[PDB]
Amino acid sequence: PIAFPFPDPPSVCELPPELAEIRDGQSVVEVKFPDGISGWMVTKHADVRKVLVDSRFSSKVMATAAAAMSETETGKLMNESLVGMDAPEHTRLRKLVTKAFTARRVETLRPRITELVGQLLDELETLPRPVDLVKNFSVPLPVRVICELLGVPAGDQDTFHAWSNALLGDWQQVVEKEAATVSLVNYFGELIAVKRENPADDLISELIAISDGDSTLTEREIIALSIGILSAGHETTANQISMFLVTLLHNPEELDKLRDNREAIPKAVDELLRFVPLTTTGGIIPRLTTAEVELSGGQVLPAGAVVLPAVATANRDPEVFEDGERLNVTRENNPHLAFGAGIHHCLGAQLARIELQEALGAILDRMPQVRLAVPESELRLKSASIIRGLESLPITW
Ligand SMILES: CC[C@H]1/C=C/C=C/C[C@@H](C)[C@H](O)[C@@](C)(O)C(=O)[C@@H](C)[C@H](O)[C@@H](C)C(=O)[C@@H](C)[C@H](O)[C@@H](C)/C=C/C(=O)O[C@@H]2[C@H](C)[C@H](CC1)O[C@]1(CC[C@H](C)[C@H](C[C@@H](C)O)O1)[C@H]2C
Ligand code: HEM
């Protein structure tokens with residue numbers, strides 16, 4: 001039985017070597033949480049992917065923690081989200097939301113997103129001396145963008161700005177997250193009303209129209225969905241941007257490939273998505289098995305058991321990715337699991353990609369001599385929260 005969480009290595013740029021040790025040895029392992037209880041972790045791409053794709057696993061591992069709230073908004077909402085549903089229930093929702101959350105909407109949103117970035121860089125360029133990229137760019141952009149998509153804007157945004165950061169909270173800070181949540185549930189309750197009697201081209205405007213029409217889609221679901229989207233896409237993207245730049249700056253010979261060559265970027269982004277993970281599980285909530293399961297390597301996972309898809313290392317599996325533990329931004333073959341797989345596959349997978357693309361491009365393009373205001377050594381990740389995020393990222397150029 002192995003101790004999980006693992007040790008957190010010295011560098012922010014390295015991972016627990018314990019991960020590769022397992023993936024290339026026993027591959028499947030059982031683990032114990034402090035807590036005491038026994039779980040299981042899979043490490044192979046095949047296996048990880050099976051866990052997410054196979055329908056004998058369940059994402060209902062928080063179902064009592066949410067009932068045990070419930071009565072807070074936080075808990076009402078853990079019960080109401082996609083990422084926590086299964087079976088038919090999840091299918092109905094995902095289906096309903098995609099009637100408006102489509103690749104097309106997202107594709108068409110790229111131009112705005114470019115401006116949203118340009119603008120934040122326009123403010124970045126009038127701030128003084130070394131400047132923290134986290135506070136001033138990485139944390140704000142994805143909300144802006146989620147706002148633009150939802151139909152919040154654009155007054156209302158210096159308020160939202162508060163509620164949103166409250167949720168960036170270090171996961172222990174429950175009372176302060178519970179507060180913002182509530183402000184948001186009412187805020188969106190209101191926004192609906194106004195969007196209904198003056199729609200525009202945005203996610204909510206569309207959902208209402210669906211909901212008002214001939215469909216079971218209710219205002220509450222819309223609200224849940226709208227927040228689900230925020231929580232899910234905010235911390236996430238914000239962390240990655242910073243991490244990515246760091247990683248690039250760490251590998252200057254791989255970064256030089258993206259200089260003066262903007263068509264190289266979509267590939268670069270997917271390589272970092274692969275190589276630079278959210279967590280060990282790549283932000284994926286542990287699945288628990290609804291029944292017993294046979295794996296690639298022969299091992300069998302028992303029914304009623306917690307399972308950790310360890311995406312962080314499955315995305316370096318040498319069976320799949322040739323030269324996997326090194327960053328190749330030219331990589332053409334790269335079927336990474338950063339956005340998961342199976343029915344829970346990131347709803348914002350394309351959007352994320354666009355944001356990240358647009359962000360790098362703009363930085364490279366407008367601030368190409370961008371160096372860390374020094375140094376790799378001093379960087380430090382956030383104690384809590386859960387996602388691998390930098391506390392700050394002072395940069396100069
Ligand atoms: C890598 C797995 C972690 C999942 C992260 C998922 C992130 C998704 C992303 C959308 C956000 O971070 C988030 C919205 O989901 C999120 O942060 C929420 C979970 C947020 O924390 C929210 C539920 C809370 O405020 C949280 C404090 C809850 O109120 C609290 C009741 C959670 C209790 C809890 O026991 O769960 C923790 C949690 C899953 C955490 C972390 C789980 O810790 C748990 C899981 C991991 C460790 C090993 C143990 C095991 C546990 C599953 O038994 O303790 C595990 C026990
Ligand atoms: C780098 C950025 C992002 C990464 C790495 C990421 C990764 C993931 C992963 C791994 C899952 C699956 C979790 C699970 O299987 O339990 C997921 C689900 C989800 N993602 Fe993201 N995501 C990112 C950004 C976004 C953004 C910007 C949105 C915006 C709308 C979004 C929409 C959410 C939603 C709503 C789900 C749940 C879908 C469902 O369960 O059916 N994500 N994400």
# chains A, B, ... in the order shown; residues from 1 in each chain; ligands from 1
>>> residues_around(residues="residue 365 in chain A", least_positions_apart="2", cutoff="10 Å", atoms="only C-alpha atoms", output="ChimeraX atom specification")
/A:258-262,359-363,367-369
>>> write_last_selection(atoms="C-alpha atoms", output="PDB file, in the first residue's frame")
ATOM      1  CA  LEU A 258       7.824  29.281 -31.827  1.00  0.00           C
ATOM      2  CA  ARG A 259       9.561  32.582 -32.457  1.00  0.00           C
ATOM      3  CA  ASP A 260       8.595  34.378 -35.662  1.00  0.00           C
ATOM      4  CA  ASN A 261       6.466  31.330 -36.554  1.00  0.00           C
ATOM      5  CA  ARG A 262       2.906  31.633 -35.375  1.00  0.00           C
ATOM      6  CA  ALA A 359      -2.250  33.999 -25.066  1.00  0.00           C
ATOM      7  CA  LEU A 360       1.137  32.598 -26.094  1.00  0.00           C
ATOM      8  CA  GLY A 361       1.028  34.127 -29.529  1.00  0.00           C
ATOM      9  CA  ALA A 362       0.365  37.552 -28.127  1.00  0.00           C
ATOM     10  CA  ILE A 363       3.058  37.318 -25.497  1.00  0.00           C
ATOM     11  CA  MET A 367       7.038  40.721 -25.549  1.00  0.00           C
ATOM     12  CA  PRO A 368       9.506  38.405 -27.238  1.00  0.00           C
ATOM     13  CA  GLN A 369      12.565  39.125 -25.092  1.00  0.00           C
TER      14      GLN A 369
END
>>> closest_atom_pairs(of="range 179-258 of chain A", to="range 75-94 of chain A", cutoff="8 Å", atoms="only C-alpha atoms", output="tab-separated table")
residue	atom	partner	partner_atom	distance
A:221	CA	A:80	CA	7.6
A:224	CA	A:77	CA	6.4
A:225	CA	A:81	CA	6.9
A:228	CA	A:81	CA	6.2
>>> residues_near_ligand(ligand="ligand 1", cutoff="7 Å", atoms="only C-alpha atoms and all ligand atoms", output="number ranges by chain")
A: 4-5, 33, 62, 65-66, 74-75, 78, 171-172, 174, 177, 231-232, 279-281, 283-286, 386-387
>>> write_last_selection(atoms="N, CA, C and O atoms", output="CSV table (one decimal), in the first residue's frame")
chain,number,residue,atom,x,y,z
A,4,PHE,N,-0.3,8.1,-0.7
A,4,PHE,CA,-0.7,9.2,-1.6
A,4,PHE,C,-1.6,10.1,-0.8
A,4,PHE,O,-2.5,9.7,-0.1
A,5,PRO,N,-1.5,11.4,-1.1
A,5,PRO,CA,-0.5,12.1,-2.0
A,5,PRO,C,0.9,11.8,-1.9
A,5,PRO,O,1.4,11.4,-0.8
A,33,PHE,N,-4.7,6.5,1.4
A,33,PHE,CA,-4.7,7.9,1.7
A,33,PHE,C,-4.5,8.1,3.2
A,33,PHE,O,-5.0,7.2,4.0
A,62,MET,N,-18.2,11.8,-4.5
A,62,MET,CA,-18.5,12.8,-3.5
A,62,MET,C,-20.0,12.9,-3.1
A,62,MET,O,-20.4,13.8,-2.4
A,65,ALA,N,-20.6,13.5,0.7
A,65,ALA,CA,-20.0,14.8,1.0
A,65,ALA,C,-20.9,16.0,0.6
A,65,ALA,O,-21.0,17.0,1.2
A,66,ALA,N,-21.6,15.8,-0.6
A,66,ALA,CA,-22.5,16.8,-1.1
A,66,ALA,C,-23.9,16.8,-0.4
A,66,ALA,O,-24.4,17.9,-0.2
A,74,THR,N,-22.6,25.6,-2.2
A,74,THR,CA,-21.5,24.7,-2.6
A,74,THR,C,-22.0,23.3,-2.8
A,74,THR,O,-21.7,22.7,-3.8
A,75,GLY,N,-22.8,22.8,-1.9
A,75,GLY,CA,-23.1,21.4,-1.9
A,75,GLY,C,-24.3,21.0,-2.8
A,75,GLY,O,-24.3,20.0,-3.4
A,78,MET,N,-22.4,20.7,-6.0
A,78,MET,CA,-21.6,19.6,-6.3
A,78,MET,C,-22.5,18.4,-6.8
A,78,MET,O,-22.1,17.7,-7.6
A,171,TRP,N,-9.0,26.1,-1.2
A,171,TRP,CA,-9.8,24.9,-0.9
A,171,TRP,C,-10.2,24.6,0.5
A,171,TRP,O,-11.2,23.9,0.8
A,172,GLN,N,-9.3,25.0,1.5
A,172,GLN,CA,-9.6,24.9,2.9
A,172,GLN,C,-10.6,26.1,3.2
A,172,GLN,O,-11.5,25.9,4.0
A,174,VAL,N,-13.4,27.4,3.0
A,174,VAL,CA,-14.8,27.0,2.6
A,174,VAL,C,-15.8,28.1,2.8
A,174,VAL,O,-16.6,28.4,2.0
A,177,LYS,N,-15.4,30.6,0.0
A,177,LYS,CA,-15.9,30.1,-1.2
A,177,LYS,C,-17.4,30.0,-1.2
A,177,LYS,O,-18.1,30.3,-2.2
A,231,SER,N,-16.0,27.6,-12.5
A,231,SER,CA,-15.1,26.9,-11.7
A,231,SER,C,-14.1,26.1,-12.5
A,231,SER,O,-12.9,26.2,-12.4
A,232,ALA,N,-14.8,25.3,-13.4
A,232,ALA,CA,-14.0,24.3,-14.2
A,232,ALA,C,-13.0,25.0,-15.2
A,232,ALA,O,-11.9,24.4,-15.4
A,279,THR,N,-2.7,18.1,-12.1
A,279,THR,CA,-2.4,17.3,-10.9
A,279,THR,C,-1.8,16.0,-11.5
A,279,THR,O,-1.6,15.8,-12.7
A,280,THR,N,-1.6,15.0,-10.6
A,280,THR,CA,-1.3,13.7,-10.9
A,280,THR,C,-2.4,13.1,-11.8
A,280,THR,O,-2.1,12.5,-12.8
A,281,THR,N,-3.6,13.3,-11.3
A,281,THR,CA,-4.8,12.9,-12.1
A,281,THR,C,-5.2,13.8,-13.1
A,281,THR,O,-6.3,13.7,-13.7
A,283,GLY,N,-6.3,16.8,-12.8
A,283,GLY,CA,-7.6,17.4,-12.4
A,283,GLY,C,-8.8,16.5,-12.4
A,283,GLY,O,-9.9,17.0,-12.2
A,284,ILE,N,-8.6,15.2,-12.6
A,284,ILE,CA,-9.7,14.3,-12.7
A,284,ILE,C,-10.1,13.8,-11.3
A,284,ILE,O,-9.3,13.2,-10.7
A,285,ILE,N,-11.4,13.9,-11.0
A,285,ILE,CA,-11.9,13.4,-9.7
A,285,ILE,C,-11.8,11.9,-9.8
A,285,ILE,O,-12.1,11.3,-10.9
A,286,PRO,N,-11.3,11.2,-8.8
A,286,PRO,CA,-11.2,9.8,-8.7
A,286,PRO,C,-12.5,9.1,-9.1
A,286,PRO,O,-13.6,9.5,-8.6
A,386,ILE,N,-5.4,22.8,-4.9
A,386,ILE,CA,-5.2,21.5,-5.5
A,386,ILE,C,-4.4,21.5,-6.8
A,386,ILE,O,-3.4,20.7,-6.9
A,387,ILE,N,-4.8,22.4,-7.7
A,387,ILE,CA,-4.2,22.5,-9.0
A,387,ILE,C,-2.7,22.9,-8.9
A,387,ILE,O,-2.4,23.8,-8.0
>>> select_by_dssp(residues="range 13-112 of chain A", states="strand (DSSP E or B)", output="ChimeraX atom specification")
/A:29-32,38-42,57-58
>>> write_last_selection(atoms="C-alpha atoms", output="compact mmCIF listing (two decimals), in the first residue's frame")
# COMPACT_ATOMS: atom_id res chain seq x y z
CA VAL A 29 -0.66 -0.17 -7.68
CA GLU A 30 -2.96 0.04 -4.68
CA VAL A 31 -2.65 3.06 -2.40
CA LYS A 32 -3.65 4.36 0.97
CA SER A 38 -7.31 1.80 0.33
CA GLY A 39 -7.46 2.98 -3.24
CA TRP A 40 -5.87 2.03 -6.54
CA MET A 41 -3.91 4.04 -9.11
CA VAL A 42 -3.42 3.11 -12.83
CA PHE A 57 -16.60 3.47 -13.32
CA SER A 58 -18.45 6.29 -11.63
>>> residues_around(residues="range 185-198 of chain A", least_positions_apart="6", cutoff="7 Å", atoms="only C-alpha atoms", output="mmCIF file with C-alpha atoms, in the first residue's frame")
data_model
loop_
_atom_site.group_PDB
_atom_site.id
_atom_site.type_symbol
_atom_site.label_atom_id
_atom_site.label_comp_id
_atom_site.auth_asym_id
_atom_site.auth_seq_id
_atom_site.Cartn_x
_atom_site.Cartn_y
_atom_site.Cartn_z
ATOM 1 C CA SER A 205 -29.141 33.900 -23.994
ATOM 2 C CA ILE A 208 -32.908 30.407 -21.859
ATOM 3 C CA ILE A 223 -27.296 28.617 -13.285
#
>>> atom_distance(atom1="atom 6 (C, counted along the ligand's line) of ligand 2", atom2="CA of residue 339 in chain A")
5.0 Å
